[PDB]
Participant: 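Submitted below is the structure of interest, expressed as structure tokens.
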Amino acid sequence: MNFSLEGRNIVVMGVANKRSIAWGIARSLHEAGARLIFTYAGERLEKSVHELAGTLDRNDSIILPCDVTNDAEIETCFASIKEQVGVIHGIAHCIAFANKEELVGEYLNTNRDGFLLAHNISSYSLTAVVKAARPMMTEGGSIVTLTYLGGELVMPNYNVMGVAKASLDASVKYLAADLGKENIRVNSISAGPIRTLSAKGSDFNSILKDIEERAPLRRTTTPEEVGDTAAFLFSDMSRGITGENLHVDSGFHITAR
Amino acid sequence: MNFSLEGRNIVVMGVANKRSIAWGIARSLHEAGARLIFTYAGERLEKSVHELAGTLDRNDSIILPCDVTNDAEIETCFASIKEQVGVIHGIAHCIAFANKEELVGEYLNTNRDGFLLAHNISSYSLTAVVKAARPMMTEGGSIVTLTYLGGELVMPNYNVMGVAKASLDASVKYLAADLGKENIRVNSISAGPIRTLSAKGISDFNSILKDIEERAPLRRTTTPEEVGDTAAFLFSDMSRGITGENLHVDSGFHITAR
Amino acid sequence: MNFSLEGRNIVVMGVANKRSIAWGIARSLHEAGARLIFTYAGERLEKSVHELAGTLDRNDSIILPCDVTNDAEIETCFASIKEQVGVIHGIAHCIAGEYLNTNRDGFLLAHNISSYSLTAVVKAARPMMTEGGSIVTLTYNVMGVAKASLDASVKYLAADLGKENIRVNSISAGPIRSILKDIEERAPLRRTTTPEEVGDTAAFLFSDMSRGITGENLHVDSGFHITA
Amino acid sequence: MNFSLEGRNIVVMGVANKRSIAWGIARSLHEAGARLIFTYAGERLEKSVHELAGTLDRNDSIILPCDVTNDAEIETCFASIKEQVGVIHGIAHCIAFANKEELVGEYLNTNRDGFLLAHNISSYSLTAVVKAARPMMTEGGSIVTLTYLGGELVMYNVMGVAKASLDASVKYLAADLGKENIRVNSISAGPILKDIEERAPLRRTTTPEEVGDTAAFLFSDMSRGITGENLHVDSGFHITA
Ligand SMILES: NC(=O)c1ccc[n+]([C@@H]2O[C@H](COP(=O)([O-])OP(=O)(O)OC[C@H]3O[C@@H](n4cnc5c(N)ncnc54)[C@H](O)[C@@H]3O)[C@@H](O)[C@H]2O)c1
Ligand SMILES: NC(=O)c1ccc[n+]([C@@H]2O[C@H](COP(=O)([O-])OP(=O)(O)OC[C@H]3O[C@@H](n4cnc5c(N)ncnc54)[C@H](O)[C@@H]3O)[C@@H](O)[C@H]2O)c1
Ligand SMILES: Oc1cc(Cl)ccc1Oc1ccc(Cl)cc1Cl
Ligand SMILES: Oc1cc(Cl)ccc1Oc1ccc(Cl)cc1Cl
């Protein structure tokens with residue numbers, strides 16, 4: 001086996017801008033020679049994403065809208081991906097949401113709607129996407145999601161997000177039990193803190209300063225490092241790996257002390 | 001210190017019948033000298049809980065309805081508890097639910113509706129009950145909930161229930177981090193399978209039991225008494241150094257599996 | 001059903017002084033009515049424990065020397081336990097810059113004293129624990145490696161001895177007394193931990209209240225295990 | 001970056017025959033353009049390692065003796081690696097051992113010797129070799145060791161205990177060495193049955209190629225954000241009951 005992804009069609013859901021971790025993954029998958037399929041939420045993000053495919057070397061790229069809440073316009077999105085490429089070999093799911101006033105101080109500032117909300121977007125969406133994409137993954141494939149250490153441990157201010165990530169963390173395991181027999185693998189990457197759109201939602205430079213000082217590899221993670229890990233996960237090089245969670249975070253996971 | 005729960009009021013949510021784990025927690029806590037405040041899920045259970053509580057040695061037990069899917073009923077229920085006993089010293093969270101056709105076959109038999117229902121009843125309800133109960137919890141406190149190995153590993157057919165349990169597992173940690181400053185500890189018991197109402201709907205059960213009688217280290221299945229008695233510890237001050245923890249009360253099965 | 005340790009004989013290994021966690025454990029178990037059997041390593045401690053046994057309500061404690069490093073001595077210590085009481089219901093095992101400051105022999109030695117020793121003492125206690133029993137062990141660098149070895153063995157021990165109604169578990173106690181300050185600021189419960197707290201947890205693990213629990217690790221640390 | 005191991009010198013230890021996981025691993029690092037330094041314990045393997053080492057093209061490989069007990073000849077070994085190649089970029093540690101009568105029946109079948117022996121060979125040897133290799137590891141690096149599910153909970157006995165020691169020595173080695181830009185990670189392999197084949201997510205068993213491919217990743221710059229990690233190469237067996 002080798003590492004390349006040529007002839008592999010991968011949807012990368014969740015790019016917002018040049019800082020999106022999805023975007024760093026997009027880049028690494030493209031370098032490996034995959035054909036990317038971006039999906040975005042709304043229509044305000046329409047130009048920014050087209051503007052990013054454009055800047056990618058080869059052509060390839062398709063660009064569909066997909067709000068992950070809403071089964072209706074999820075099917076639309078994948079009926080369309082099938083029209084335009086047919087067999088899908090992979091999905092990078094990099095989509096989470098929480099109310100930002102629930103991510104301050106106490107976990108307890110959350111509430112029924114906010115809680116269900118975080119779980120719907122951050123956790124359920126993966127299952128939803130997988131249900132859609134499944135009929136089209138007929139040559140087997142690989143599914144990757146992004147998680148944070150806060151799913152495992154208590155990270156100041158991650159609060160309800162941490163709970164939903166724990167929910168996602170677990171769904172990864174189950175999805176993997178269901179889909180291994182169709183030779184589809186499901187794993188997560190657990191990225192270290194990196195500056196993104198969604199990253200503004202408390203005391204951030206605090207965390208980034210601590211890591212370079214406290215994490216084994218005295219530095220911060222990048223979207224590149226993550227994308228490179230993603231690239232391996234989407235490649236057959238990782239064919240033996242399913243239901244795993246890989247900390248791409250300078251080893252910060254081993255220091256809690 | 002000591003084992004006695006004399007002078008403590010503990011709210012046990014989730015009694016349904018004599019087989020329920022909450023009922024095992026009930027006895028144990030009552031016999032350690034606690035005053036139990038029960039909650040049933042709507043009027044179907046009203047008569048059955050009154051009859052169960054009536055069997056206890058002392059006759060101080062309180063009995064209130066509380067349907068955890070609804071902020072208003074929750075505070076209503078808790079507003080009453082406050083009037084009656086003034087201070088609450090613990091909660092036994094024993095509430096779960098998910099759609100039964102979701103817990104057969106592939107995890108993928110779930111859907112947006114059921115997933116969130118399962119998370120709402122099974123995971124959110126804890127946070128819910130704590131928000132409401134927090135103002136009454138003024139002399140320390142112990143909150144205990146019930147999870148299962150399915151929230152750690154893939155268990156055949158546990159499926160979306162296990163994912164909700166994982167959400168629960170995490171909330172236990174975040175709640176504990178929020179509430180240790182007010183001297184309230186939050187923990188879970190991870191129970192081995194026991195035959196209860198809710199067990200039905202978890203298909204091929206006496207197969208799973210028999211397995212645990214052979215494979216389990218302690219070579220025997222769990223009892224609600226075992227669980228109840230670990231809850232007793234947890235509610236008591238003997239356990240005052242423990243919070244955010246998860247105790248497997250499961251005859252050691254968790255190790256023979258992993 | 002009861003928290004009492006009436007008529008339980010518990011060996012408590014690893015008492016050095018009034019500060020020992022082992023000692024907190026001793027107090028709490030004595031308090032629950034257990035009869036304590038203390039072991040010492042080297043005759044400097046013989047007097048330290050002998051002293052401490054005397055602070056205990058009842059003069060029912062037995063004092064024996066046991067160097068966990070040497071099998072023959074361990075076989076002797078327990079033969080003598082059996083002679084005096086015949087049967088034992090529990091063991092409390094409280095014996096233990098860069099990580100790269102370790103070396104073959106010190107590495108083995110940590111593992112010998114800190115890991116293997118639970119297995120060694122359990123092999124000896126085995127044929128005398130016929131009334132069922134509970135075994136509890138206490139858990140930085142090469143020590144952390146040895147502790148990890150100890151943790152894994154708890155599970156292997158548990159899986160083997162369950163058929164004999166013998167439970168094996170561990171307690172992880174947070175720092176007890178400068179690193180302290182931040183814990184009292186960063187700990188869920190906002191305080192270091194105490195040896196009473198550990199002890200009352202060991203009492204639970206030694207009684208029937210905990211009969212369904214085997215192969216587990218209990219964090220007595222004011223919640224610090226859940227924080228980053 | 002790139003998946004190429006070109007111009008990296010990686011020590012591979014514990015090759016013994018064409019089945020050896022370390023061989024599966026040798027092959028994969030070789031394919032990616034690494035220069036392999038093989039080590040062997042005593043004459044039995046001397047032959048096999050040489051005979052096997054031959055198999056490969058681009059044959060720039062190195063062959064030397066190294067008993068992982070015996071601090072001196074570990075020193076002897078790496079002193080020589082230094083002479084012949086200057087700088088080391090990785091170790092593939094694939095050594096494990098415990099008496100077989102002890103990996104049968106109860107865990108309590110073990111004794112003081114087999115216990116310590118198992119820890120020596122299976123856990124300490126990683127520290128021994130990282131210590132001896134460290135000085136010559138002056139261009140960043142990657143250390144990768146071989147574990148299994150028995151260190152995580154019950155499956156295997158005293159070897160599971162040893163692997164737990166191993167697993168903890170990894171996190172520690174990682175924390176010490178990140179500063180010098182050296183990564184330390186473990187692969188936990190599936191069995192290399194009838195059980196795994198029908199109850200593992202990917203409905204199949206593990207191949208040494210799957211293990212080698214994962215290694216190539218961790219030795220390469222693709223995995224540069226990862227340290228103190230334990231990857232399960234096991235058709236998802238770790239997630240099951
Ligand atoms: N940034 C970090 O340090 C870090 C660490 C660990 C995990 N993560 C995870 O990485 C993932 C990507 O976020 P990011 O950090 O790159 O920030 P980002 O804001 O750049 O990306 C988040 C994406 O989620 C999308 N999204 C929100 N609601 C959506 C909806 N309903 N339908 C479709 N898309 C929706 C946004 O459009 C955006 O594309 C998230 O799941 C996040 O939790 C980030
Ligand atoms: N029996 C087992 O094998 C086992 C094992 C591990 C964990 N558990 C857990 O124990 C807990 C209790 O379940 P059980 O097994 O004792 O079964 P049970 O059916 O006896 O109790 C479940 C209870 O939740 C209550 N409930 C459901 N929806 C509610 C809502 N709308 N509002 C308020 N209450 C509601 C039900 O009335 C019922 O009393 C659950 O969390 C379950 O997951 C059970
Ligand atoms: O998961 C994350 C983890 C970190 Cl450290 C930083 C940013 C993250 O991503 C988010 C944070 C908050 C919200 Cl509301 C949405 C998203 Cl996508
Ligand atoms: O969580 C559980 C685990 C086990 Cl082994 C047995 C029963 C359980 O409890 C439930 C199972 C299914 C549903 Cl719908 C509701 C509940 Cl309360």
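FYI, side chains are in, hydrogens and waters are out, and symmetry mates aren't considered; it's all heavy atoms of this structure. All ligand and atom numbering here is 1-based and tracks the order in the structure. We name chains A, B, ... by the order of the sequence lines, and we start the count at 1 in each one.
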Participant: Nearest to atom 9 (C) of ligand 1, what protein heavy atom do you find, and at what distance?
Facilitator: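 I find the closest protein heavy atom is A/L146 CB, 3.8 Å.
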Participant: Just to verify, which of A/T127, A/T69, A/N120 counts as forming a side-chain hydrogen bond (donor to acceptor under 3.5 Å, both in side chains) with B/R112?
Facilitator: A/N120
Participant: Work out whether the distance between some heavy atom of A/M161 and some atom of ligand 1 is less than 4.0 Å.
Facilitator: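 Yes.
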Participant: In ligand 2, which numbered atoms sit nearer than 4.0 Å to a non-hydrogen atom of B/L197?
Facilitator: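 Heavy-atom distances to B/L197 below 4.0 Å select 19 (O).
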Participant: A/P223 near ligand 1, heavy-atom distance under 4.0 Å?
Facilitator: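 Under 4.0 Å: no for A/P223.
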Participant: Can you find a heavy atom in the side chain of A/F204 that is under 4.5 Å from one in the side chain of A/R195?
Facilitator: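 Result yes, sub-4.5 Å side-chain heavy-atom pair found.
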Participant: Please list, in number order, the atoms of ligand 1 under 4.0 Å from a heavy atom of A/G192.
Facilitator: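 So the answer, numbered in order with elements, is 3 (O), 5 (C).
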Participant: As an exercise, identify every atom of ligand 4 less than 4.0 angstrom from a heavy atom of B/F97.
Facilitator: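 Near B/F97, meaning under 4.0 Å from one of its heavy atoms, ligand 4 has 15 (C).
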Participant: Within ligand 2, which atoms have a heavy atom of B/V15 less than 4.0 Å away?
Facilitator: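 This gives 39 (O) as the contact atoms.
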Participant: Got the closest protein heavy atom to atom 14 (Cl) of ligand 4, with its distance?
Facilitator: B/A98 O, 3.0 Å
Participant: Using a strict 4.0 Å cut-off to heavy atoms of B/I202, name the atoms of ligand 4 that fall inside it.
Facilitator: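 Result: 11 (C), 12 (C).
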Participant: For a quick test of reading the model, state the closest non-hydrogen atom pair linking A/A53 to A/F38 and the distance between them.
Facilitator: CB-CE1, 4.2 Å
Participant: B/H254 vs B/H248 aromatic rings, parallel, tilted or perpendicular, using cut-offs 30° and 60°?
Facilitator: parallel
Participant: Which option, A/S198, A/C66, A/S188, owns the non-hydrogen atom nearest atom 33 (C) of ligand 1?
Facilitator: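 Ranked by closest heavy atom to atom 33 (C) of ligand 1, first place is A/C66.
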Participant: With a 3.5 Å cut-off and no angle check, do the side chains of A/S123 and A/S167 form a donor-acceptor pair?
Facilitator: yes
Participant: Starting from atom 1 (O) of ligand 4, what is the nearest protein heavy atom, named by residue and atom, and what distance separates them?
Facilitator: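 Answer for atom 1 (O) of ligand 4: B/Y158 OH, 2.4 Å.
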Participant: For atom 23 (C) of ligand 1, what's the nearest protein heavy-atom neighbour? Residue, atom name and distance, please.
Facilitator: A/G14 O, 3.5 Å
Participant: Side chain, backbone, both or neither: which applies to B/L146 and ligand 4 if a contact is any heavy-atom pair less than 4.0 Å apart?
Facilitator: neither
Participant: Side chain or backbone of A/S122 under 4.0 Å from ligand 1, or both, or neither, by non-hydrogen atoms?
Facilitator: neither
Participant: Is there a protein heavy atom at a distance of less than 4.0 Å from atom 8 (C) of ligand 4?
Facilitator: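 So far as the 4.0 Å threshold goes, atom 8 (C) of ligand 4 is out of reach of every protein heavy atom.
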Participant: Around atom 37 (O) of ligand 2, find the nearest protein heavy atom and jot down its residue, atom name and distance.
Facilitator: B/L45 CD1, 3.3 Å
Participant: Distance from B/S171 atom OG to A/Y107 atom OH, nearest 0.5 Å?
Facilitator: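 B/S171 OG to A/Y107 OH: 5.0 Å, rounded to 0.5 Å.
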Participant: Can you check whether B/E73's main-chain N or O pairs, donor with acceptor, with B/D67's side chain at less than 3.5 Å?
Facilitator: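 No.
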Participant: Does CD in B/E43 sit with more than 12 non-hydrogen atoms of other residues, nucleotides or ligands closer than 6.0 Å?
Facilitator: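 No, because the 6.0 Å sphere around CD of B/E43 holds 12 heavy atoms or fewer from other groups.
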Participant: State, to 0.1 Å, how close B/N246 and B/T147 come at their nearest heavy-atom pair, and which atoms those are.
Facilitator: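 Distance-wise, the nearest heavy atoms are ND2-CG2, 3.4 Å.
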Participant: Measuring from atom CD of B/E102 to atom OG1 of B/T110, what distance do you get when rounded to the nearest 0.5 angstrom?
Facilitator: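 If I round to the nearest 0.5 Å, the distance is 3.5 Å.
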Participant: Counting heavy atoms only, which part of A/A199 comes closer than 4.0 Å to ligand 1: side chain, backbone, both or neither?
Facilitator: neither
Participant: Hey, are A/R219 and A/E225 close enough for a salt bridge, meaning a charged N less than 4.0 Å from a carboxylate O?
Facilitator: yes
Participant: In the protein, which heavy atom is nearest to atom 44 (C) of ligand 1, and how far is it?
Facilitator: A/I21 CD1, 3.7 Å
Participant: So, is A/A41 polar-close to ligand 1, with some N/O to N/O distance under 3.5 Å?
Facilitator: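 No, no N or O pair falls under 3.5 Å.
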Participant: Whether the A/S28 and A/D228 side chains hold a donor-acceptor pair (N or O, under 3.5 Å, no angle test) is what I'd like checked.
Facilitator: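 A/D228 and A/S28 do have a side-chain donor-acceptor pair below 3.5 Å.
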Participant: At a 4.0 Å threshold, what atoms of ligand 4 neighbour a non-hydrogen atom of B/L103?
Facilitator: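 Within the 4.0 Å cut-off of B/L103, ligand 4 contributes 12 (C), 14 (Cl).
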Participant: Below 4.0 Å from any atom of ligand 2, is there a heavy atom belonging to B/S125?
Facilitator: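 Under 4.0 Å: no for B/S125.
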Participant: First locate atom CD1 of A/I95, then atom CG of A/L168, and finally report the distance between them rounded to the nearest 0.5 Å.
Facilitator: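 Between atom CD1 of A/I95 and atom CG of A/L168 there are 11.0 Å.
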Participant: Grab the two heavy atoms, one from A/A231 and one from A/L29, that are nearest each other, plus how far apart they are.
Facilitator: CA-CD2, 3.7 Å
Participant: Which of the numbered atoms in ligand 2 are under 4.0 angstrom from any heavy atom belonging to B/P193?
Facilitator: 3 (O)
Participant: At what distance is the nearest protein heavy atom to atom 27 (C) of ligand 2, and which residue and atom is it?
Facilitator: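 Closest protein heavy atom to atom 27 (C) of ligand 2: B/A96 O, 3.5 Å.
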Participant: To which protein heavy atom is atom 1 (N) of ligand 2 closest, and what is the distance rounded to 0.1 Å?
Facilitator: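 Sorting protein heavy atoms by distance from atom 1 (N) of ligand 2 puts B/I194 O, 2.8 Å first.
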Participant: Identify, for atom 20 (O) of ligand 2, the protein heavy atom at the shortest distance, and state residue, atom and that distance.
Facilitator: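 Checked against all protein heavy atoms, atom 20 (O) of ligand 2 sits closest to B/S20 OG, 2.6 Å.
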Participant: Within a radius of less than 6.0 Å around CZ of A/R214, do more than 12 heavy atoms belonging to other residues, nucleotides or ligands occur?
Facilitator: yes
Participant: Starting from atom 5 (C) of ligand 2, find the nearest protein heavy-atom neighbour and note its residue, name and distance.
Facilitator: B/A191 O, 3.6 Å
Participant: Which residue and atom name correspond to the protein heavy atom nearest atom 43 (O) of ligand 1, and how close is it?
Facilitator: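 The closest heavy atom on the protein side is A/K165 NZ, 2.8 Å.
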Participant: With heavy atoms of A/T69 as the reference, note each atom of ligand 1 found under 4.0 Å away.
Facilitator: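 What qualifies from ligand 1 is 31 (N).
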Participant: Enumerate the atoms of ligand 4 whose separation from the nearest heavy atom of B/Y148 is less than 4.0 angstrom.
Facilitator: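 Taking each heavy atom of B/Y148 in turn, ligand 4 has 3 (C), 5 (Cl) under 4.0 Å.
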Participant: Could you check whether B/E152 pairs with B/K165 (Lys NZ or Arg NE/NH1/NH2 to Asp/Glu carboxylate O, under 4.0 Å)?
Facilitator: no
Participant: Just wondering, more than 12 heavy atoms not from A/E51 lying within 6.0 Å of its CD?
Facilitator: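 Count not over threshold, so no.
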Participant: Provide, to 0.1 Å, the distance between atom 16 (C) of ligand 4 and the closest protein heavy atom, together with that atom's residue and name.
Facilitator: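 Scanning the protein heavy atoms, the shortest distance from atom 16 (C) of ligand 4 goes to B/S198 CB, 3.2 Å.
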Participant: Quick check on B/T147 - does any of its heavy atoms sit under 4.0 Å from an atom of ligand 2?
Facilitator: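 Distance cut 4.0 Å: B/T147 passes for ligand 2.
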Participant: How about A/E75: does its CD atom have over 12 heavy atoms from other parts shown lying under 6.0 Å from it?
Facilitator: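 12 or below, so no.
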Participant: Just verifying a value: how many Å separate A/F252 CZ and A/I207 CD1, rounded to the nearest 0.5 Å?
Facilitator: 8.5 Å
Participant: Step by step, work out the side-chain contact (heavy atoms from CB on, under 4.5 Å) result for A/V226 and A/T221.
Facilitator: CA-CA 8 Å; A/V226 178; A/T221 323; 3.8 Å; yes
Participant: Among all protein heavy atoms, pick out the one at the shortest distance from atom 31 (N) of ligand 1; state its residue, atom name and that distance to 0.1 Å.
Facilitator: A/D67 OD1, 2.6 Å
Participant: Provide, to 0.1 Å, the distance between atom 28 (N) of ligand 1 and the closest protein heavy atom, together with that atom's residue and name.
Facilitator: A/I121 CG2, 4.0 Å
Participant: For ligand 1, note which part of A/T196 has a heavy atom under 4.0 Å away: side chain, backbone, both or neither.
Facilitator: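 Contact part for A/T196 vs ligand 1: side chain (C-beta onward).
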Participant: Any protein heavy atom under 4.0 Å from atom 11 (C) of ligand 2?
Facilitator: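 Yes, there is one.
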Participant: Provide, to 0.1 Å, the distance between atom 13 (C) of ligand 4 and the closest protein heavy atom, together with that atom's residue and name.
Facilitator: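 That would be B/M161 CE, 3.7 Å.
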Participant: Suppose we measure from atom 13 (O) of ligand 1 to each protein heavy atom; which comes out shortest, and what is that distance?
Facilitator: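 Atom 13 (O) of ligand 1 sits closest to the protein heavy atom A/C94 O, 4.3 Å.
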Participant: Where is the nearest protein heavy atom to atom 26 (N) of ligand 1: which residue, which atom, and how far?
Facilitator: A/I95 CG2, 3.7 Å
Participant: Below the 3.5 angstrom mark, is there an N/O of A/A22, backbone or side chain, next to an N/O of ligand 1?
Facilitator: no
Participant: What is the distance from atom CG of A/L208 to atom CD1 of A/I194, rounded to the nearest 0.5 Å?
Facilitator: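 Between atom CG of A/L208 and atom CD1 of A/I194 there are 9.5 Å.
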